[PDB]
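Structure assessment
Below, each chain spelled out in residue letters.
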Amino acid sequence: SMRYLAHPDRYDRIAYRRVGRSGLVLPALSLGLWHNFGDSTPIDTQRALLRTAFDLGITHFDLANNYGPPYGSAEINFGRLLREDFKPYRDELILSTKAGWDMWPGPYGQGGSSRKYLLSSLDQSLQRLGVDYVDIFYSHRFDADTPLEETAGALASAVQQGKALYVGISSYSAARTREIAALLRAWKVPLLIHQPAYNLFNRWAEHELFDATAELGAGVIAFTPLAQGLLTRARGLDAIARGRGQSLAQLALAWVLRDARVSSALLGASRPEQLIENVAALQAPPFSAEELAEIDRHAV
Amino acid sequence: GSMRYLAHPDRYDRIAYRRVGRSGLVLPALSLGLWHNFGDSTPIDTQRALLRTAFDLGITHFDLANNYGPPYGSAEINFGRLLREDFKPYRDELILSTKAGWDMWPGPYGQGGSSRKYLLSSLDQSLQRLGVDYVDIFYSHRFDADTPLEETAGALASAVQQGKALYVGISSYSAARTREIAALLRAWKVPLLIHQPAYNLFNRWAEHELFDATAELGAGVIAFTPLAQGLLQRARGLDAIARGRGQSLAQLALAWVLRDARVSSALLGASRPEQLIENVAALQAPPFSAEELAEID
Amino acid sequence: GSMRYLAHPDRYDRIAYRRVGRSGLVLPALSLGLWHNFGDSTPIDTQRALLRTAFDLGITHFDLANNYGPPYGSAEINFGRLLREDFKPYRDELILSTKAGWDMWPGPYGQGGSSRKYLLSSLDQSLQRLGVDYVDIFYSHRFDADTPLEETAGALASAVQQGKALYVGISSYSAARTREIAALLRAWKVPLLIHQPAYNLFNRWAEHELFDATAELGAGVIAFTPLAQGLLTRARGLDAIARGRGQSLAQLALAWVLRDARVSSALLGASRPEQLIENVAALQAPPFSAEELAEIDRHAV
Amino acid sequence: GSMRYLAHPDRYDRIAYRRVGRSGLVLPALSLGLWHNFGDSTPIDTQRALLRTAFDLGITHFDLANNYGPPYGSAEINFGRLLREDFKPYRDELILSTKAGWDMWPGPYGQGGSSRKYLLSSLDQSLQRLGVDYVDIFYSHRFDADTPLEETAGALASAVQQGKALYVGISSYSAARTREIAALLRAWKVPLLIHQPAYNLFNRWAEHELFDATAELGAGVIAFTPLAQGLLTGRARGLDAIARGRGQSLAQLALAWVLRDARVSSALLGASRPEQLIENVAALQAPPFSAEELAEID
Amino acid sequence: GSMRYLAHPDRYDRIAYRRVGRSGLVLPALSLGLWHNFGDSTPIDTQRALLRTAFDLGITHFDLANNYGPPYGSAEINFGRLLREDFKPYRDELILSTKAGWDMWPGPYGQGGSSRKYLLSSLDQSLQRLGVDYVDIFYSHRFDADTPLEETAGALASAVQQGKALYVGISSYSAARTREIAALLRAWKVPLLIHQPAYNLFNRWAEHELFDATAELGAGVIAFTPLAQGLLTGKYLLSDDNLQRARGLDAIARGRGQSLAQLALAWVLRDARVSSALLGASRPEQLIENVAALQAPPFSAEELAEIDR
Amino acid sequence: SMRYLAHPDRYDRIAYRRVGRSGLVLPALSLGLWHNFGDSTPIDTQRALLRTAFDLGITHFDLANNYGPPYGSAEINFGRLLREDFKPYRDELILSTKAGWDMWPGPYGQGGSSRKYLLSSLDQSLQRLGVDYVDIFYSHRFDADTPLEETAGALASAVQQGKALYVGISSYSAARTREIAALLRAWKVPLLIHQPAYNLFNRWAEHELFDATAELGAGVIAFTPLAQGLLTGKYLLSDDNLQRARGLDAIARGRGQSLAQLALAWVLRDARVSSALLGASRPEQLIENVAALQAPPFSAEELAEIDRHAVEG
């Protein structure tokens, strides 16, 4: 009876930004399957949100091995919706998975980033998603115990085995990013993208990190650009948002995307109607340096 | 079965074969390019007769692409069927090629580009539509200005290491960029086989610096649209030299684009089998002299 | 009635885990080896009960080999049957390792050796018998002076590149040759993870110069036969220190092997399910400080 | 089911095995080659009786090629059937090898050469006709003077990386040509294993500088046609006289004269009679030679 | 080294083969039932030796069941491994059988019965454990009084039509229940091949009605436990009067030049209406002795009345 | 390249006779792989003989599980030659396999007609041939120790499983042929064809068998029609048989035929017989026998002279 029909004007709604120096381009706003994508959410509300995201031009869906709840269920539910709805659009989509946090019991499945854990969890995500390969394979966290040469060798073996087109890191130190990226250069596989928690209440990336991502040629995607729903000090920024044609959440998305060194911001919305309003916030005129000074004072 | 394709017993004695630069691969002096008359618009009757006539003449190289049709990708689906039903015991004697660069499927990952994602995904689609394990030459159809050649070199190299292609080439690349991507492919220990520019009597653009680049790198050259998309004003004088030599202007241009060992082949479009056997007789001509070459310009 | 395998819920709160060299892998302080009492001469009842008890105590590493029997190769098809019936969901939680270097099948390409032909054929034999896509560690087993270490390192590198193995190991290798084969593997950008020497109270040859090599290269050590093949279960002066500190001679020898971070595991080959439980209780014993350690040196070397 | 191939239990106590170059492989002193009498023109029962005898005598190395027949490629089909019916549980005890470079299928891509196109497409044919996941030694049957050796070395290197061949060898190559292709193979970290030249008593060109080349490169040597294509079976009368003075035959003398040096690891005998292979194994048991016979052979 | 196993060349010149009733299938004079000492409690090398020894003796039929262990079904898993390693090139000359009637897995559909759900599901799992595409005979291990014999007959007939069994049979069935299920199998055009009762010197219930039913039907009979579970083997020199009757039967066996086990097996096979006799798992030299039970001369009328004490 | 192209006139050469009252039409002569197709004969002579056949119109090929030597090696060789040359022409051929005599050691392979031996030997022959179904599945001999209800039930299962399009029998007595046919009709799988040994010196099928095959509508295919020699002009056993063959050959040259052509035309003299297994021979000897029907039919005088040198029946 019912079948998914991708909107014909889906590629005339959002702007696609280059991921640093690499040829891959990501939509200005991506969708992160963090919230409301496990078994806790009905499937009809999951596919309705994913269809709305694709009709607006969002082609990147960021997943992880521990996304749920329970852990690993978001990849199963997205693997079904890719089998039933997004199958003729796979070559138009950009899927990514991570491995670093806690997944299954044991010292090999909780708090690790070794070659044993990375490759076993990548094969675990490929069988849950039902895809031949992932486009980006992050390292979900920095494991100070595991040497970064072993982690770089695991990400390199994943790209050589045709299971990952690119690789990246998530919430890594600014100096450790330079280390692992040069270790990937030894394997002749470039680093694609770095995922730091970038928003108005966390300046983690603005210090000593963007200088490293630009020289390496890697892009940046902002995890939780709305401070985990906090931007939905904040009461003062809402008055600045009312000075223009945007809301508090729309102003935060435009401020994270205010510069080209940021490729996208993982939205991770819940309802579809709020997704249509979060998307298409770039047509607002850029900050006049006047508004930038006001923002920097109200929020770090 | 009734009326199954049987290739000619002496099909390898009616056409010349030229080395592709400094490699071990040869190509027929005239190749067949399925740019037109091989989509779903053209009946299978003429497609089967044209591929059989080309293989009986000695043409073993069939040039395909992701956007060849129409519609896009249709020429690979039709050649994939013609390969399964006729050219199946002759697969190891053919030379198949496939490119990826122009607009293919909607989206920034399909409508143009030469990124790693688009190159390998379009190659997987081509291996699906052709029905082969690997292609013989995987081209980069266009030069991507907003994409590092180090990424494209890593994509073409991965296509060779994964067994999905024997050799790799580039199409419509500048003279300086051909040297750059060749030195990058040489970092992956995979040589750049062939280059496909638009060599033409009404163009002659690659002679400036591209021929000097491919000759020193060991990369062969194959001429694209050698008959000027139907042309071959100025064509009236060139037609006079052809009739005063025993050719039909089309045969003169084909013998001219292969007058030097730099060019290895040319991609004939063609529509009828009778004009294809006519063009093969272009190598049945005396070599060019100093007087005829001066009158060409 | 259905059997299944209800693994112990707090099985990871029982045994301690030690890091192997400067690598991301960790291993149980006590590893279970299928050297003996896992061939076809031992019933399936004993094999299944011992593997369930060892896993319920936190032992995840199960070290095997190609010639472990008797007969030769029976220990791998017995452990493979045990994997399909019990440890099928717990695959990613386990650490399986196989070796290839001793007498297997007749012929110069069989029997002893570590050539590229013998290593890849014996690895495909083990992967077919075990029923796993890959092994976590793959050792070279004994060293062969006739085969160049460039070909052995090339086969070990081709084993991890083909997805058949994740880590590379060696066993009973000379101290200098361990440095040589490690540098050749580092040329392939493939690290050496673990060396498995025979380390116990009566054979302390590894402390001479082998431990100084594994620590420098960043590779751990698994002590094969830490009880002198059953001789620690004159050593009666050691049996006096067994009554002291509240333990036994076997529990004293294990804790003595697990001194510093160089030793990552002690490959034990117990059989009785109850002695396996009492041997894991040898970790919480207090260290040897200085004087208690200087008493073991009387009846050592 | 009526009767299957039961290998001789004393097969590995018959022939002594020699090491090939500075590698881990150890080839037998004598190796049966399928150059002739293994096509469709030879009955199958004589092939099965000959291969059962070779393996019973301790021979573990079987040499094949893409063009062995007649017709071309039929020897790999006949050996493939005999493998799946008899030698299937003995697969890991054998050393199979195939060649590619002379004349196979019609066309410039098949009638010869050593291009990457022809080397991989002919190896795919050999792996499907033999019925094995890999050959043990993949050869380049002849040096291609018109194809750069950087491409042939790349094809031989990918043959090992794809798991199609454990080792790479060359055959009918020159002296400096072997050195320049082995130096290029050492860049891919796939060392050249063995060279297969024509080395017998009537053709001693390999002793010039090919023997010194393979000794320094670490590669072994296997002799092709040690009886000069059957001319030394039984001019040759002077060699037959020295053979009788030593207690052997002309075939056994020319066989032991090939295996006299350590840098000649094996010889490819292509006999047809099963009673003949048993009388060539009795050529290495004889005592070694000395001065008054080596200087008298010449 | 090399553990390849080839059967004895004279294995088919050892014992005789009796025809199953009036069909075409023959069975060895003594079969090998894997009831005891073939589960996970017994080492696999011991079972491997006993199977290789039995086949070299000519024993071609191997009687299995879904509950043979312990634990349940472990005998089918061990025989499946011994088949894929040793008995693979001898499959087309082996006769294999499996059953489904007693408690196997938890549940009302697993606590035994003759239902179509339990029969076809237990046969599918018994085919996976054995590693074979089909079994030669598929028994109905017990008679379920709560399930009609029309559903059980259609279940066995479905097993033959689906290529999972060549012949079918019934075990431990009544004499009237044998005539009933056989008459219903004639409707499916798949006749009842063989019946497996318990028949020995002490358990002679089948003589009254059963042997007459299988004769007029055309089926065969295979004798289960013809040694009364070690009571007719001299291992016990389970009541005192049972031990005294055994010593009396042994004295009549030593006058014939046999042992007590050889006497009981030859007594079971005294009439051609009986086709085989299941030999349990034992030591190899004990199987060699009991297999040579038909080599004795046939019983006389005075000897048969002498043992009918 | 070095492949096989069937002759275009192959279906305009030999005639085709209807198999009793069915829809199957076999060639007037067939090719049985009884001998000279095992591992003792080179595959090239087998290939050239199977290519000479079929080019002459020989579409039917008669095999058996024990055809060799060794036993079964003929089905393996014909399986390879079919996979290499005859794969596109598979639906234009009629392949048959049998099972009834000694095959593998044991009481279940040494002869018999039981359901176990028939289905096992059919699955063996299907794996060696490389085809998923044979066109005809014969019962090679009559088993007196096995009921015909079980043998007919095994043949009926072979058709319903998709492993055989039709079934037949060989060396069956006339009364036993009629009994197994009435049993097969209960399975709605009619008996297609019967294969008896029928030639000039062995005419037992004329007594009662040919009437049974005609009433049932089953065809007949003649096995050993040239009497394993003594009818091919090569021996020109026993001396009385040499005089009978010399007298028959004289009648053959009177009508322009050879001794082999005369015997093959005599077996095919009416519609009851449908074909005759020629067997392996040299290429020119196959072509000469194929055109045996190209001759005037037998008259009353010629048939009478032939009976003076043959047996009654």
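Basis of the calculations
Residues numbered from 1 in each chain as written, not as in the entry; some residues may be left out. Chains lettered and ligands numbered in written order. Part of a larger assembly, values for the part shown. Heavy atoms only, no water. Helix = DSSP H or I, 4+ residues; strand = E, 2+ residues; numbered from the N terminus. Buried < 20%, exposed > 50% of the residue type's maximum accessible area, 1.4 Å probe, protein only. Areas by Shrake-Rupley, 256 points an atom, 1.4 Å probe, with all protein chains shown as cover. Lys, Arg positive; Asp, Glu negative; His and termini not counted. Charge placed at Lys NZ, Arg CZ, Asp CG, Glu CD. Pairing = 2+ DSSP bridges. Axes fitted to C-alpha atoms, helices over the stretch in contact; angles between N-to-C directions. Contact = heavy atoms within 4.5 Å. Salt bridge = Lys/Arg side-chain N within 4 Å of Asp/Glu carboxyl O. Parallel < 35°, antiparallel > 145°, perpendicular 65-115°, else oblique. Patch = residues over 30% accessible without salt bridge, like charges linked within 9 Å, V, L, I, M, F, W, Y side chains within 5 Å. Right-handed = clockwise from strand over helix to strand, strands pointing away. Buried area = accessible area lost by both parts, 1.4 Å probe. Polar contact = N/O pair within 3.5 Å; in protein donor to acceptor, adjacent residues only side chain to side chain. Nonpolar A, V, L, I, M, F, W, Y, C, P; charged D, E, K, R; others polar. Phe/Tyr/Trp six-rings, centres within 6.5 Å; stacked < 30°, edge-to-face > 60°. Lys NZ or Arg CZ within 6 Å of the ring centre and 35° of its normal. Arc of directions from axis to C-beta.

Per the deposition metadata, X-ray crystallography was the technique used to determine this entry, at a resolution of 2.98 Å.

A few points about the overall build of chain D
Each helix and strand counted, chain D has ten helices and ten strands in total. Here the C-alpha coordinates of chain D stretch approximately 55 × 55 × 35 Å along the principal axes. Every one of the 298 residues in chain D was classed for burial, and the buried ones make up 62%. When the accessible area of chain D is evaluated, it comes to approximately 11100 Å², of which 50% is carbon and sulfur surface. In chain D, the 30 positive side-chain charges and the 32 negative ones have mean positions that sit 2 Å from each other.

Some details on unusual backbone geometry
Residues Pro70(B) and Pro71(B) are joined by a peptide bond in cis, for which omega reads 0 degrees. Residue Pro71(E) is bonded to the preceding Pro70(E) through a cis peptide linkage, with omega at 0 degrees. Among the structural elements, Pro71(E) can be located in the loop between strand 4 (61–63) and helix 2 (74–85). With phi around 55 degrees, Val301(C) is a residue other than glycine that occupies positive phi space. Looking at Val301(C), the relative accessible area reads 78%, which means it is exposed. Residue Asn37(E) is not a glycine yet carries a positive backbone phi of 55 degrees.

Focus on the sheet that holds strand 10 (residues 263–268) of chain B
All names here are of chain B. In spatial order, the strands read 3-4-5-6-7-8-9-10; together these eight strands close into a barrel with parallel pairing. Strand-to-strand, the axes of this sheet are offset by a mean angle of 30 degrees, without reference to chain direction. For strand 9 (residues 220–223) and strand 10, the ladder comprises three bridges, and the chain directions are parallel. Bridging from a neighbouring strand, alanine 223 pairs with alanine 266 of strand 10.

A short note on the sheet that holds strand 3 (residues 30–33) of chain D
All names here are of chain D. Taking strand neighbours around the barrel as the criterion, the eight strands line up as 3-4-5-6-7-8-9-10 in a closed arrangement whose pairing is parallel. Pairwise comparison of adjacent strand axes, ignoring direction, gives a mean angle of 30 degrees for this sheet. Taken together, the two bridges between strand 8 (residues 192–196) and strand 9 (residues 220–224) define a ladder with parallel strand orientation. Bridge pairing in strand 9 links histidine 195 to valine 221. Along the sheet face, helix 5 (residues 176–185) touches strand 7 (165–171) and strand 8 and points at about 160 degrees away from the line of strand 8.

A closer look at the pattern of salt bridges
Under the defined criterion, the tally for this structure stands at 119 salt bridges over all chains. Put simply, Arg253(F) and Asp249(F) hold a salt bridge, and the shortest N to O gap is 3.8 Å. Within this pair, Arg253(F) and its partner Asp249(F) are both found in helix 7 (residues 240–254), separated by four residues, close to a single helical turn. Among the residues examined, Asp249(F) registers a relative accessible area of 16% and is labelled buried. Connected through salt bridges with shared partners, the residues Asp40(D), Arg3(F), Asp44(F), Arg47(F), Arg51(F), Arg80(F), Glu84(F) and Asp85(F) form a single ionic network.

As for the packing of helix 2 (residues 74–85) of chain B against helix 3 (residues 116–130) of chain B
All names here are of chain B. Where helix 2 meets helix 3, the axes come as close as 7 Å, and the angle between the chain directions of the two elements is 40 degrees. The orientation of helix 2 with respect to helix 3, classified from their angle, is oblique. Every residue of helix 3 that contacts helix 2 at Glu76, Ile77, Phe79, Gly80 and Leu83 is listed here: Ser126, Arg129 and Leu130.

Overview of a positive patch on the surface
A cluster of like positive charges, contributed by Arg185(A), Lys188(A), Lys189(C) and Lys189(D), occupies part of the molecular surface. Overall, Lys188(A) belongs to the partly exposed group, its relative accessible area being 39%.

Digging into the pairing of strand 9 of chain D
All names here are of chain D. Counting buried positions over the five residues of strand 9 gives four, a clear majority of the element. Crossover strand 8 to strand 9 through helix 6 (residues 210–217) is right-handed. Judged from the three bridges that link them, strand 9 and strand 10 (residues 266–269) form a sheet pairing that is parallel. Following the sheet pairing, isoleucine 222 is matched in strand 10 by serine 266.

Observations regarding the interface of chain E and chain D
Contacts between the two partners involve four residues from chain E and, on the opposite side, six residues from chain D. Roughly 550 Å² of surface becomes buried between chain E and chain D when both sides are summed, with 52% attributable to carbon and sulfur atoms. The tally of links from chain E across to chain D stands at zero salt bridges. Taken together, chain E and chain D are joined by two residue pairs in polar contact.

Focus on the interface of chain F and chain E
By a frequent convention, interface size equals the accessible area lost on bringing the separate parts together. In this complex, chain F contributes 18 residues to the contact, which on the side of chain E involves 25 residues. Taken together, the two surfaces of chain F and chain E that pack against each other cover about 1700 Å², and 54% of this comes from carbon and sulfur. Counting the surface chain F buries against chain E, the share from its top three residues, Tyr108(F), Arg115(F) and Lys116(F), is 38%. Applying the counting rule to chain F against chain E returns two salt bridges. Linking chain F to chain E there are twelve residue pairs in polar contact. Counting residues per element, the side of chain F that touches chain E draws most heavily on helix 3 (residues 115–129) of chain F, at five residues. Its residues assigned to classes, the side of chain F that touches chain E shows eight nonpolar, six polar and four charged.

A short note on the side chain of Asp92(C)
If you trace the backbone, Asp92(C) turns up in the loop between helix 2 (74–85) and strand 5 (95–98). The charged side chain of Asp92(C) is buried without a salt bridge, its nearest counter-charge being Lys116(A) at 4.9 Å.

Quick word on the packing of aromatic side chains
The final tally for this structure, using the stated rule, is 77 aromatic pairs over all chains. Between the aromatic rings of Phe143(E) and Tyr173(E), the centroid separation amounts to 5.7 Å while the plane-to-plane angle is 70 degrees, which identifies the pairing as edge-to-face. In this pair, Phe143(E) sits in the loop between strand 6 (135–140) and helix 4 (149–161) while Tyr173(E) sits in the loop between strand 7 (165–171) and helix 5 (175–185), placing the two residues 30 residues apart along the sequence. One aromatic cluster is present, formed by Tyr5(D), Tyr12(D), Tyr17(D), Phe55(D), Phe62(D), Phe79(D), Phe87(D) and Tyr90(D) through successive ring pairs. A cation over an aromatic ring shows up here: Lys189(D) above the ring of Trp188(C), its NZ or CZ 3.9 Å from the ring centre. The ring of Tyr134(E) has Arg91(E) sitting right over it, with the charged end atom 5.0 Å from the ring centre.

Thoughts on helix 6 (residues 210–217) of chain E
Residue and element names in this part refer to chain E. Within helix 6, the full set of buried residues consists of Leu210, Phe211, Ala213, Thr214 and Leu217. What you see down the axis of helix 6 is that its buried residues fit within an arc of 160 degrees, all on one side. For helix 6, the elements touching its buried residues are helix 5, strand 8 (194–196) and strand 9 (220–223). At the C-terminal side of helix 6, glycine 218 shows a positive phi close to 110 degrees.

Looking at the environment of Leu283(B)
Residues and elements named next belong to chain B. Within the element layout of this structure, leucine 283 appears in the loop between helix 9 (273–280) and helix 10 (290–296). On the accessibility criterion, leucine 283 (31% relative accessible area) is partly exposed. A sequence separation of ten residues divides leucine 283 from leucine 293, and the C-alpha atoms of the two residues are 17 Å apart. Ignoring sequence-local partners within four residues, the contact set of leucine 283 consists of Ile15, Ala16 and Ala29.

Quick notes on the environment of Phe211(D)
Of note, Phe211(D) is situated in helix 6. For the pair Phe211(D) and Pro197(D), spaced 14 residues apart in sequence, the C-alpha to C-alpha distance is 10.0 Å.

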